[PDB]
$ cat data-v2.cif   # mmCIF, C-alpha atoms
data_final
loop_
_atom_site.group_PDB
_atom_site.id
_atom_site.type_symbol
_atom_site.label_atom_id
_atom_site.label_comp_id
_atom_site.auth_asym_id
_atom_site.auth_seq_id
_atom_site.Cartn_x
_atom_site.Cartn_y
_atom_site.Cartn_z
ATOM 1 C CA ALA A 279 -1.817 -16.196 30.166
ATOM 2 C CA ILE A 280 -2.882 -15.814 26.573
ATOM 3 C CA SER A 281 -4.372 -19.258 26.608
ATOM 4 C CA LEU A 282 -6.330 -18.742 29.764
ATOM 5 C CA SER A 283 -7.919 -15.533 28.524
ATOM 6 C CA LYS A 284 -9.115 -17.042 25.304
ATOM 7 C CA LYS A 285 -10.796 -19.774 27.269
ATOM 8 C CA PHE A 286 -12.766 -17.222 29.104
ATOM 9 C CA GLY A 287 -13.701 -15.154 26.055
ATOM 10 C CA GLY A 288 -10.789 -12.777 25.782
ATOM 11 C CA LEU A 289 -9.355 -10.879 22.886
ATOM 12 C CA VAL A 290 -5.590 -10.225 22.665
ATOM 13 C CA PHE A 291 -3.971 -6.842 21.697
ATOM 14 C CA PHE A 292 -0.336 -6.833 20.724
ATOM 15 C CA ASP A 293 1.055 -3.332 20.736
ATOM 16 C CA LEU A 294 4.469 -4.075 19.333
ATOM 17 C CA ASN A 295 6.683 -1.175 20.520
ATOM 18 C CA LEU A 296 9.947 -2.792 19.416
ATOM 19 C CA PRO A 297 12.942 -2.560 21.746
ATOM 20 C CA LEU A 298 16.505 -1.718 20.618
ATOM 21 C CA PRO A 299 17.899 -5.188 20.351
ATOM 22 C CA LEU A 300 15.112 -6.159 17.977
ATOM 23 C CA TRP A 301 15.855 -3.573 15.286
ATOM 24 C CA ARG A 302 18.905 -5.406 13.831
ATOM 25 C CA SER A 303 17.436 -7.773 11.169
ATOM 26 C CA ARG A 304 14.023 -8.303 9.646
ATOM 27 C CA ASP A 305 14.709 -11.961 9.643
ATOM 28 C CA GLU A 306 15.728 -12.455 13.255
ATOM 29 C CA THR A 307 12.764 -10.415 14.457
ATOM 30 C CA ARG A 308 10.140 -12.055 12.318
ATOM 31 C CA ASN A 309 11.117 -15.340 13.784
ATOM 32 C CA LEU A 310 11.203 -14.201 17.428
ATOM 33 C CA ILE A 311 7.833 -12.481 17.322
ATOM 34 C CA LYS A 312 6.017 -15.114 15.290
ATOM 35 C CA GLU A 313 4.134 -17.098 17.851
ATOM 36 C CA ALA A 314 2.817 -13.913 19.446
ATOM 37 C CA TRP A 315 1.565 -12.433 16.208
ATOM 38 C CA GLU A 316 -0.458 -15.487 15.392
ATOM 39 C CA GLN A 317 -2.132 -15.593 18.725
ATOM 40 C CA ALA A 318 -3.234 -11.968 18.411
ATOM 41 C CA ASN A 319 -6.557 -10.508 17.486
ATOM 42 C CA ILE A 320 -5.794 -6.761 17.354
ATOM 43 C CA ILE A 321 -2.370 -5.365 16.420
ATOM 44 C CA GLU A 322 -0.837 -1.893 16.455
ATOM 45 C CA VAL A 323 2.369 -1.070 14.656
ATOM 46 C CA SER A 324 4.061 2.176 13.716
ATOM 47 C CA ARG A 325 4.839 3.173 10.155
ATOM 48 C CA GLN A 326 8.531 2.677 10.705
ATOM 49 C CA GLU A 327 7.966 -0.710 12.265
ATOM 50 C CA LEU A 328 5.739 -2.041 9.502
ATOM 51 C CA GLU A 329 8.241 -1.091 6.820
ATOM 52 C CA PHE A 330 11.051 -2.652 8.849
ATOM 53 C CA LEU A 331 9.175 -5.934 8.751
ATOM 54 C CA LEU A 332 8.525 -5.747 5.008
ATOM 55 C CA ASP A 333 10.771 -4.254 2.299
ATOM 56 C CA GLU A 334 12.051 -1.172 4.164
ATOM 57 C CA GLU A 335 14.355 -0.041 1.349
ATOM 58 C CA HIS A 336 11.637 -0.501 -1.276
ATOM 59 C CA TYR A 337 9.378 1.949 0.540
ATOM 60 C CA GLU A 338 12.208 4.449 0.931
ATOM 61 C CA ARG A 339 12.932 4.372 -2.796
ATOM 62 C CA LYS A 340 9.289 4.980 -3.542
ATOM 63 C CA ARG A 341 9.053 8.127 -1.501
ATOM 64 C CA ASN A 342 11.935 9.675 -3.379
ATOM 65 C CA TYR A 343 10.368 9.261 -6.834
ATOM 66 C CA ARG A 344 9.881 12.555 -8.459
ATOM 67 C CA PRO A 345 8.508 12.472 -11.965
ATOM 68 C CA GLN A 346 10.729 13.682 -14.918
ATOM 69 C CA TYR A 347 8.635 15.480 -17.424
ATOM 70 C CA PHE A 348 5.007 15.785 -16.404
ATOM 71 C CA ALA A 349 2.967 15.076 -13.319
ATOM 72 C CA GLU A 350 0.258 12.490 -13.436
ATOM 73 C CA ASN A 351 -2.189 13.942 -11.014
ATOM 74 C CA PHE A 352 -2.452 17.508 -9.721
ATOM 75 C CA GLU A 353 -1.397 16.192 -6.329
ATOM 76 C CA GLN A 354 2.176 15.587 -7.484
ATOM 77 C CA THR A 355 2.323 19.193 -8.547
ATOM 78 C CA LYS A 356 2.340 20.328 -4.980
ATOM 79 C CA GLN A 357 5.348 19.061 -3.022
ATOM 80 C CA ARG A 358 3.729 17.704 0.159
ATOM 81 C CA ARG A 359 4.527 14.961 2.597
ATOM 82 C CA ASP A 360 3.924 11.361 1.785
ATOM 83 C CA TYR A 361 1.093 9.542 3.283
ATOM 84 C CA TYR A 362 0.992 6.216 1.434
ATOM 85 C CA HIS A 363 -1.842 3.768 2.086
ATOM 86 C CA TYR A 364 -0.620 0.296 2.060
ATOM 87 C CA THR A 365 -2.702 -1.829 -0.149
ATOM 88 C CA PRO A 366 -4.287 -4.898 1.273
ATOM 89 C CA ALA A 367 -2.120 -7.244 -0.896
ATOM 90 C CA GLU A 368 1.058 -5.769 0.509
ATOM 91 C CA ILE A 369 0.047 -6.635 4.068
ATOM 92 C CA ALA A 370 -0.911 -10.178 3.067
ATOM 93 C CA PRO A 371 2.472 -11.505 3.998
ATOM 94 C CA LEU A 372 1.387 -10.702 7.579
ATOM 95 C CA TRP A 373 -2.364 -11.640 7.838
ATOM 96 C CA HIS A 374 -3.801 -14.580 9.645
ATOM 97 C CA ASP A 375 -7.304 -15.890 10.139
ATOM 98 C CA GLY A 376 -7.916 -14.650 13.620
ATOM 99 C CA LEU A 377 -7.069 -11.048 13.069
ATOM 100 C CA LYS A 378 -9.987 -8.758 13.493
ATOM 101 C CA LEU A 379 -8.204 -5.408 13.107
ATOM 102 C CA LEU A 380 -4.783 -3.917 12.309
ATOM 103 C CA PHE A 381 -3.800 -0.334 12.940
ATOM 104 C CA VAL A 382 -0.765 1.404 11.496
ATOM 105 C CA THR A 383 0.024 4.817 12.929
ATOM 106 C CA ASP A 384 2.035 7.772 11.689
ATOM 107 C CA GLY A 385 2.186 9.876 14.782
ATOM 108 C CA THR A 386 -1.144 11.508 15.334
ATOM 109 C CA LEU A 387 -1.075 12.635 11.728
ATOM 110 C CA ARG A 388 -2.581 9.537 10.136
ATOM 111 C CA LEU A 389 -4.081 6.290 11.302
ATOM 112 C CA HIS A 390 -4.648 3.466 8.812
ATOM 113 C CA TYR A 391 -6.986 0.559 9.521
ATOM 114 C CA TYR A 392 -7.297 -2.846 7.959
ATOM 115 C CA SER A 393 -10.103 -5.342 8.466
ATOM 116 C CA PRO A 394 -11.075 -8.596 6.891
ATOM 117 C CA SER A 395 -13.567 -6.784 4.639
ATOM 118 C CA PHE A 396 -12.573 -3.076 4.612
ATOM 119 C CA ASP A 397 -9.630 -0.634 4.564
ATOM 120 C CA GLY A 398 -8.903 3.069 5.039
ATOM 121 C CA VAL A 399 -7.318 6.174 6.660
ATOM 122 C CA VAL A 400 -8.345 8.692 9.421
ATOM 123 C CA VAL A 401 -6.826 12.215 9.049
ATOM 124 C CA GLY A 402 -5.409 14.041 12.065
ATOM 125 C CA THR A 403 -3.092 16.827 13.113
ATOM 126 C CA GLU A 404 -0.421 17.788 15.571
ATOM 127 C CA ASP A 405 0.462 21.090 17.111
ATOM 128 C CA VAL A 406 3.414 20.873 19.443
ATOM 129 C CA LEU A 407 4.381 24.460 18.649
ATOM 130 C CA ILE A 408 1.374 25.994 20.314
ATOM 131 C CA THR A 409 3.242 25.521 23.607
ATOM 132 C CA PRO A 410 6.918 25.725 22.771
ATOM 133 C CA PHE A 411 8.401 25.518 26.257
ATOM 134 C CA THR A 412 6.316 22.659 27.638
ATOM 135 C CA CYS A 413 6.217 20.110 24.869
ATOM 136 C CA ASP A 414 7.125 16.478 25.265
ATOM 137 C CA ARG A 415 5.984 13.666 23.045
ATOM 138 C CA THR A 416 6.870 10.894 25.489
ATOM 139 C CA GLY A 417 3.466 9.291 26.175
ATOM 140 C CA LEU B 943 9.762 24.062 -16.780
ATOM 141 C CA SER B 944 9.021 20.931 -14.822
ATOM 142 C CA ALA B 945 6.462 18.693 -13.325
ATOM 143 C CA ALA B 946 5.480 21.141 -10.684
ATOM 144 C CA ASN B 947 4.348 23.370 -13.456
ATOM 145 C CA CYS B 948 2.759 20.908 -16.000
ATOM 146 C CA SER B 949 0.186 18.094 -15.442
ATOM 147 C CA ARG B 950 -1.705 15.342 -17.267
ATOM 148 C CA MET B 951 -5.336 16.302 -17.359
ATOM 149 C CA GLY B 952 -6.907 13.515 -19.109
ATOM 150 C CA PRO B 953 -6.773 9.877 -18.189
ATOM 151 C CA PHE B 954 -9.628 9.206 -20.629
ATOM 152 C CA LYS B 955 -9.659 5.642 -21.939
ATOM 153 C CA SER B 978 2.064 -0.785 -43.266
ATOM 154 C CA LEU B 979 4.240 2.118 -42.239
ATOM 155 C CA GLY B 980 7.925 2.597 -42.907
ATOM 156 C CA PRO B 981 10.492 3.572 -45.447
ATOM 157 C CA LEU B 982 9.086 3.485 -49.046
ATOM 158 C CA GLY B 983 12.520 4.151 -50.611
ATOM 159 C CA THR B 984 15.052 6.812 -51.684
ATOM 160 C CA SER B 985 14.610 9.106 -54.688
ATOM 161 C CA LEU B 986 16.562 8.705 -57.862
ATOM 162 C CA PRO B 987 18.503 11.521 -59.415
ATOM 163 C CA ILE B 988 17.142 13.164 -62.558
ATOM 164 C CA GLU B 989 18.120 13.157 -66.235
ATOM 165 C CA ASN B 990 16.036 16.263 -66.966
ATOM 166 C CA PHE B 991 17.310 18.602 -64.336
ATOM 167 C CA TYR B 992 15.554 21.616 -65.766
ATOM 168 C CA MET C 211 9.597 0.905 -69.535
ATOM 169 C CA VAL C 212 7.219 -0.100 -66.788
ATOM 170 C CA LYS C 213 6.728 -3.797 -66.738
ATOM 171 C CA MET C 214 3.640 -4.562 -64.753
ATOM 172 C CA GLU C 215 5.134 -8.028 -64.627
ATOM 173 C CA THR C 216 6.882 -9.258 -61.517
ATOM 174 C CA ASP C 217 9.423 -11.926 -60.447
ATOM 175 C CA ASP C 218 12.276 -10.572 -62.561
ATOM 176 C CA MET C 219 13.595 -8.195 -59.899
ATOM 177 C CA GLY C 220 16.676 -9.059 -57.930
ATOM 178 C CA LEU C 221 17.575 -6.820 -55.049
ATOM 179 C CA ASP C 222 20.336 -9.192 -54.111
ATOM 180 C CA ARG C 223 22.360 -6.621 -52.285
ATOM 181 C CA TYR C 224 19.389 -5.429 -50.292
ATOM 182 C CA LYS C 225 18.361 -8.957 -49.528
ATOM 183 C CA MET C 226 21.782 -9.774 -48.178
ATOM 184 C CA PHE C 227 21.602 -6.737 -45.945
ATOM 185 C CA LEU C 228 18.178 -7.803 -44.826
ATOM 186 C CA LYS C 229 19.459 -11.139 -43.653
ATOM 187 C CA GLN C 230 22.363 -9.418 -41.995
ATOM 188 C CA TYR C 231 20.108 -7.134 -40.009
ATOM 189 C CA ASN C 232 17.920 -9.909 -38.943
ATOM 190 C CA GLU C 233 20.708 -11.488 -37.090
ATOM 191 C CA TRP C 234 21.614 -8.236 -35.461
ATOM 192 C CA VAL C 235 18.300 -7.672 -33.974
ATOM 193 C CA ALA C 236 18.361 -11.009 -32.419
ATOM 194 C CA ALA C 237 21.555 -10.476 -30.668
ATOM 195 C CA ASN C 238 20.888 -7.165 -28.986
ATOM 196 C CA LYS C 239 17.162 -6.786 -28.477
ATOM 197 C CA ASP C 240 17.517 -7.559 -24.862
ATOM 198 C CA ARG C 241 20.578 -5.536 -24.236
ATOM 199 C CA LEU C 242 18.921 -2.612 -25.739
ATOM 200 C CA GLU C 243 15.889 -2.682 -23.410
ATOM 201 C CA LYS C 244 18.027 -2.957 -20.303
ATOM 202 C CA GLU C 245 20.068 -0.008 -21.377
ATOM 203 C CA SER C 246 17.027 2.171 -21.853
ATOM 204 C CA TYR C 247 15.735 1.464 -18.447
ATOM 205 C CA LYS C 248 18.918 2.481 -16.863
ATOM 206 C CA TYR C 249 19.348 5.749 -18.623
ATOM 207 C CA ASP C 250 15.783 6.779 -19.344
ATOM 208 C CA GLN C 251 13.282 6.795 -16.515
ATOM 209 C CA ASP C 252 10.058 7.868 -18.141
ATOM 210 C CA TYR C 253 8.857 7.631 -21.711
ATOM 211 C CA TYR C 254 8.311 10.792 -23.666
ATOM 212 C CA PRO C 255 7.734 10.908 -27.285
ATOM 213 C CA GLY C 256 10.959 10.032 -29.093
ATOM 214 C CA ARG C 257 12.446 7.571 -26.699
ATOM 215 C CA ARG C 258 12.463 3.795 -26.878
ATOM 216 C CA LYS C 259 9.220 1.983 -26.583
ATOM 217 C CA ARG C 260 9.408 -0.688 -24.058
ATOM 218 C CA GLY C 261 7.101 -2.904 -22.049
ATOM 219 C CA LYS C 262 3.506 -3.121 -23.024
ATOM 220 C CA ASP C 263 4.563 -0.858 -25.847
#

$ encode --input "data-v2.cif" --output "structure tokens"
Amino acid sequence: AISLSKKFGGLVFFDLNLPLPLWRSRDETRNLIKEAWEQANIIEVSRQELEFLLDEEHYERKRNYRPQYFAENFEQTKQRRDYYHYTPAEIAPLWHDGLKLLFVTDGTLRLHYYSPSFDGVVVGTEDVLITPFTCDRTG
Amino acid sequence: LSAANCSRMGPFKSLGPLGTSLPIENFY
Amino acid sequence: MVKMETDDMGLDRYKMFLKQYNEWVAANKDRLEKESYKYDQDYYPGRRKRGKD
């Protein structure tokens, strides 16, 4: 099916959505999903999925760095949640020539986008507490 | 006092031991 | 007493110490940097210079 679509002008979107068996190793998964990734033009991955693929522990250590004596920016003076933007070099282990766009999502809170020539983040929000008795995040 | 309280505002942009003194004959 | 002349001074004892120290540095320069990193996270004045420093 992928091949037939490309013949007729199609563009392929791989929304990963990893299943339970595939969360065991980074190595077993990278191999199983490889052919699909390289035949894909637009890809969506979650924040937890992207880190799983590359250096998950390294990212975890980073978010728990609290500076010892003085803060380096006024931002670190304020104790707020982390919203790291992954630099383009970090994602280079996973780029290929036919990738037009890559989206990494952190809930509805942040959406990061990566393109062959540009990068960035779109700010968002979430208010599940406005309706406390009818809230489900399922879809 | 900690980091939450103090911050670095500005990013912006021959020497050694000469010796030890010798005691003195003329103390006065 | 000041002799402006030179070459007659023998700090033999100091010189021997100087050679002695030179060996010491060689042996533990590396150990000493690794130890700093482990016990001291960020440089503040008064702590071992490391790296680009």

$ interface_residues --input "data-v2.cif" --of "chain A" --to "chain B" --cutoff "8 Å" --atoms "only C-alpha atoms" --output "PDB file with C-alpha atoms, keeping the file's coordinate frame"
ATOM      1  CA  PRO A 345       8.508  12.472 -11.965  1.00  0.00           C
ATOM      2  CA  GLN A 346      10.729  13.682 -14.918  1.00  0.00           C
ATOM      3  CA  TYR A 347       8.635  15.480 -17.424  1.00  0.00           C
ATOM      4  CA  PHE A 348       5.007  15.785 -16.404  1.00  0.00           C
ATOM      5  CA  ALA A 349       2.967  15.076 -13.319  1.00  0.00           C
ATOM      6  CA  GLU A 350       0.258  12.490 -13.436  1.00  0.00           C
ATOM      7  CA  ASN A 351      -2.189  13.942 -11.014  1.00  0.00           C
ATOM      8  CA  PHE A 352      -2.452  17.508  -9.721  1.00  0.00           C
ATOM      9  CA  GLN A 354       2.176  15.587  -7.484  1.00  0.00           C
ATOM     10  CA  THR A 355       2.323  19.193  -8.547  1.00  0.00           C
ATOM     11  CA  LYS A 356       2.340  20.328  -4.980  1.00  0.00           C
ATOM     12  CA  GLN A 357       5.348  19.061  -3.022  1.00  0.00           C
TER      13      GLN A 357
END

$ residues_around --input "data-v2.cif" --residues "residue 393 of chain A" --least-positions-apart "5" --cutoff "9 Å" --atoms "all atoms listed in the file" --output "ChimeraX atom specification"
/A:377-380

$ atom_distance --input "data-v2.cif" --atom1 "atom CA of residue 389 of chain A" --atom2 "atom CA of residue 402 of chain A"
7.9 Å

$ atom_distance --input "data-v2.cif" --atom1 "atom CA of residue 371 of chain A" --atom2 "atom CA of residue 280 of chain A"
23.6 Å

$ closest_residue --input "data-v2.cif" --among "C:255, C:240, C:226, C:232" --to "chain A" --atoms "all atoms listed in the file"
C:255

$ closest_residue --input "data-v2.cif" --among "A:344, A:372, A:417, A:394" --to "chain C" --atoms "all atoms listed in the file"
A:344

$ resolve_selection --input "data-v2.cif" --expression "the PyMOL selection byres ((chain C) within 10 of (chain A))" --output "PDB file with C-alpha atoms, in the frame of the given file"
ATOM      1  CA  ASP C 250      15.783   6.779 -19.344  1.00  0.00           C
ATOM      2  CA  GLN C 251      13.282   6.795 -16.515  1.00  0.00           C
ATOM      3  CA  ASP C 252      10.058   7.868 -18.141  1.00  0.00           C
ATOM      4  CA  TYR C 253       8.857   7.631 -21.711  1.00  0.00           C
ATOM      5  CA  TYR C 254       8.311  10.792 -23.666  1.00  0.00           C
TER       6      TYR C 254
END

$ atom_distance --input "data-v2.cif" --atom1 "atom CA of residue 305 of chain A" --atom2 "atom CA of residue 290 of chain A"
24.2 Å

$ resolve_selection --input "data-v2.cif" --expression "the PyMOL selection byres ((chain A and resi 311-318) around 10)" --output "PDB file with C-alpha atoms, in the frame of the given file"
ATOM      1  CA  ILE A 280      -2.882 -15.814  26.573  1.00  0.00           C
ATOM      2  CA  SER A 281      -4.372 -19.258  26.608  1.00  0.00           C
ATOM      3  CA  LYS A 284      -9.115 -17.042  25.304  1.00  0.00           C
ATOM      4  CA  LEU A 289      -9.355 -10.879  22.886  1.00  0.00           C
ATOM      5  CA  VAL A 290      -5.590 -10.225  22.665  1.00  0.00           C
ATOM      6  CA  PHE A 291      -3.971  -6.842  21.697  1.00  0.00           C
ATOM      7  CA  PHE A 292      -0.336  -6.833  20.724  1.00  0.00           C
ATOM      8  CA  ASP A 293       1.055  -3.332  20.736  1.00  0.00           C
ATOM      9  CA  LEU A 294       4.469  -4.075  19.333  1.00  0.00           C
ATOM     10  CA  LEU A 300      15.112  -6.159  17.977  1.00  0.00           C
ATOM     11  CA  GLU A 306      15.728 -12.455  13.255  1.00  0.00           C
ATOM     12  CA  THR A 307      12.764 -10.415  14.457  1.00  0.00           C
ATOM     13  CA  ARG A 308      10.140 -12.055  12.318  1.00  0.00           C
ATOM     14  CA  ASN A 309      11.117 -15.340  13.784  1.00  0.00           C
ATOM     15  CA  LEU A 310      11.203 -14.201  17.428  1.00  0.00           C
ATOM     16  CA  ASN A 319      -6.557 -10.508  17.486  1.00  0.00           C
ATOM     17  CA  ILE A 320      -5.794  -6.761  17.354  1.00  0.00           C
ATOM     18  CA  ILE A 321      -2.370  -5.365  16.420  1.00  0.00           C
ATOM     19  CA  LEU A 372       1.387 -10.702   7.579  1.00  0.00           C
ATOM     20  CA  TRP A 373      -2.364 -11.640   7.838  1.00  0.00           C
ATOM     21  CA  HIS A 374      -3.801 -14.580   9.645  1.00  0.00           C
ATOM     22  CA  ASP A 375      -7.304 -15.890  10.139  1.00  0.00           C
ATOM     23  CA  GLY A 376      -7.916 -14.650  13.620  1.00  0.00           C
ATOM     24  CA  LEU A 377      -7.069 -11.048  13.069  1.00  0.00           C
ATOM     25  CA  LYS A 378      -9.987  -8.758  13.493  1.00  0.00           C
ATOM     26  CA  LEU A 379      -8.204  -5.408  13.107  1.00  0.00           C
TER      27      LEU A 379
END

$ build_atoms --input "data-v2.cif" --residues "segment 237-257 of chain C" --atoms "N, CA, C and O atoms" --output "PDB file, in the coordinates of the input"
ATOM      1  N   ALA C 237      20.548 -10.537 -31.670  1.00  0.00           N
ATOM      2  CA  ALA C 237      21.555 -10.476 -30.668  1.00  0.00           C
ATOM      3  C   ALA C 237      21.375  -9.431 -29.607  1.00  0.00           C
ATOM      4  O   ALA C 237      21.614  -9.700 -28.437  1.00  0.00           O
ATOM      5  N   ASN C 238      20.942  -8.235 -29.968  1.00  0.00           N
ATOM      6  CA  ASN C 238      20.888  -7.165 -28.986  1.00  0.00           C
ATOM      7  C   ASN C 238      19.529  -6.628 -28.568  1.00  0.00           C
ATOM      8  O   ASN C 238      19.466  -5.551 -28.016  1.00  0.00           O
ATOM      9  N   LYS C 239      18.447  -7.336 -28.812  1.00  0.00           N
ATOM     10  CA  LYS C 239      17.162  -6.786 -28.477  1.00  0.00           C
ATOM     11  C   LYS C 239      17.103  -6.606 -27.010  1.00  0.00           C
ATOM     12  O   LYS C 239      16.701  -5.562 -26.511  1.00  0.00           O
ATOM     13  N   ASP C 240      17.537  -7.611 -26.296  1.00  0.00           N
ATOM     14  CA  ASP C 240      17.517  -7.559 -24.862  1.00  0.00           C
ATOM     15  C   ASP C 240      18.440  -6.543 -24.269  1.00  0.00           C
ATOM     16  O   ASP C 240      18.073  -5.842 -23.327  1.00  0.00           O
ATOM     17  N   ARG C 241      19.631  -6.437 -24.806  1.00  0.00           N
ATOM     18  CA  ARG C 241      20.578  -5.536 -24.236  1.00  0.00           C
ATOM     19  C   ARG C 241      19.999  -4.181 -24.381  1.00  0.00           C
ATOM     20  O   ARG C 241      20.071  -3.364 -23.471  1.00  0.00           O
ATOM     21  N   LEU C 242      19.407  -3.924 -25.516  1.00  0.00           N
ATOM     22  CA  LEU C 242      18.921  -2.612 -25.739  1.00  0.00           C
ATOM     23  C   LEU C 242      17.811  -2.181 -24.785  1.00  0.00           C
ATOM     24  O   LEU C 242      17.817  -1.038 -24.339  1.00  0.00           O
ATOM     25  N   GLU C 243      16.899  -3.061 -24.395  1.00  0.00           N
ATOM     26  CA  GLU C 243      15.889  -2.682 -23.410  1.00  0.00           C
ATOM     27  C   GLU C 243      16.446  -2.399 -22.048  1.00  0.00           C
ATOM     28  O   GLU C 243      16.052  -1.433 -21.421  1.00  0.00           O
ATOM     29  N   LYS C 244      17.390  -3.196 -21.590  1.00  0.00           N
ATOM     30  CA  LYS C 244      18.027  -2.957 -20.303  1.00  0.00           C
ATOM     31  C   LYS C 244      18.738  -1.633 -20.253  1.00  0.00           C
ATOM     32  O   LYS C 244      18.664  -0.919 -19.263  1.00  0.00           O
ATOM     33  N   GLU C 245      19.398  -1.273 -21.322  1.00  0.00           N
ATOM     34  CA  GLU C 245      20.068  -0.008 -21.377  1.00  0.00           C
ATOM     35  C   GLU C 245      19.140   1.176 -21.290  1.00  0.00           C
ATOM     36  O   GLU C 245      19.453   2.157 -20.629  1.00  0.00           O
ATOM     37  N   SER C 246      17.985   1.096 -21.923  1.00  0.00           N
ATOM     38  CA  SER C 246      17.027   2.171 -21.853  1.00  0.00           C
ATOM     39  C   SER C 246      16.568   2.379 -20.461  1.00  0.00           C
ATOM     40  O   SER C 246      16.474   3.497 -20.009  1.00  0.00           O
ATOM     41  N   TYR C 247      16.295   1.312 -19.749  1.00  0.00           N
ATOM     42  CA  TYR C 247      15.735   1.464 -18.447  1.00  0.00           C
ATOM     43  C   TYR C 247      16.687   2.170 -17.558  1.00  0.00           C
ATOM     44  O   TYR C 247      16.294   2.991 -16.742  1.00  0.00           O
ATOM     45  N   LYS C 248      17.938   1.854 -17.687  1.00  0.00           N
ATOM     46  CA  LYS C 248      18.918   2.481 -16.863  1.00  0.00           C
ATOM     47  C   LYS C 248      19.075   3.946 -17.102  1.00  0.00           C
ATOM     48  O   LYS C 248      19.197   4.719 -16.166  1.00  0.00           O
ATOM     49  N   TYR C 249      19.088   4.359 -18.347  1.00  0.00           N
ATOM     50  CA  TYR C 249      19.348   5.749 -18.623  1.00  0.00           C
ATOM     51  C   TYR C 249      18.118   6.609 -18.868  1.00  0.00           C
ATOM     52  O   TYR C 249      18.201   7.824 -18.789  1.00  0.00           O
ATOM     53  N   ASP C 250      16.978   6.006 -19.145  1.00  0.00           N
ATOM     54  CA  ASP C 250      15.783   6.779 -19.344  1.00  0.00           C
ATOM     55  C   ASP C 250      14.658   6.334 -18.445  1.00  0.00           C
ATOM     56  O   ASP C 250      14.088   5.283 -18.654  1.00  0.00           O
ATOM     57  N   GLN C 251      14.331   7.134 -17.444  1.00  0.00           N
ATOM     58  CA  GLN C 251      13.282   6.795 -16.515  1.00  0.00           C
ATOM     59  C   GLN C 251      11.856   6.776 -17.002  1.00  0.00           C
ATOM     60  O   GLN C 251      11.155   5.804 -16.777  1.00  0.00           O
ATOM     61  N   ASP C 252      11.428   7.793 -17.717  1.00  0.00           N
ATOM     62  CA  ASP C 252      10.058   7.868 -18.141  1.00  0.00           C
ATOM     63  C   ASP C 252       9.953   8.104 -19.621  1.00  0.00           C
ATOM     64  O   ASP C 252      10.722   8.883 -20.164  1.00  0.00           O
ATOM     65  N   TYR C 253       9.023   7.459 -20.293  1.00  0.00           N
ATOM     66  CA  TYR C 253       8.857   7.631 -21.711  1.00  0.00           C
ATOM     67  C   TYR C 253       8.289   8.954 -22.107  1.00  0.00           C
ATOM     68  O   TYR C 253       7.371   9.437 -21.476  1.00  0.00           O
ATOM     69  N   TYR C 254       8.814   9.555 -23.146  1.00  0.00           N
ATOM     70  CA  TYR C 254       8.311  10.792 -23.666  1.00  0.00           C
ATOM     71  C   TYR C 254       8.352  10.511 -25.118  1.00  0.00           C
ATOM     72  O   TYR C 254       9.017   9.593 -25.543  1.00  0.00           O
ATOM     73  N   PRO C 255       7.613  11.252 -25.901  1.00  0.00           N
ATOM     74  CA  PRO C 255       7.734  10.908 -27.285  1.00  0.00           C
ATOM     75  C   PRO C 255       9.158  11.014 -27.798  1.00  0.00           C
ATOM     76  O   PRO C 255       9.851  11.953 -27.474  1.00  0.00           O
ATOM     77  N   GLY C 256       9.603  10.069 -28.604  1.00  0.00           N
ATOM     78  CA  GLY C 256      10.959  10.032 -29.093  1.00  0.00           C
ATOM     79  C   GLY C 256      11.949   9.157 -28.382  1.00  0.00           C
ATOM     80  O   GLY C 256      13.115   9.219 -28.669  1.00  0.00           O
ATOM     81  N   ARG C 257      11.534   8.337 -27.455  1.00  0.00           N
ATOM     82  CA  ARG C 257      12.446   7.571 -26.699  1.00  0.00           C
ATOM     83  C   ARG C 257      11.986   6.163 -26.896  1.00  0.00           C
ATOM     84  O   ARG C 257      10.883   5.964 -27.347  1.00  0.00           O
TER      85      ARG C 257
END
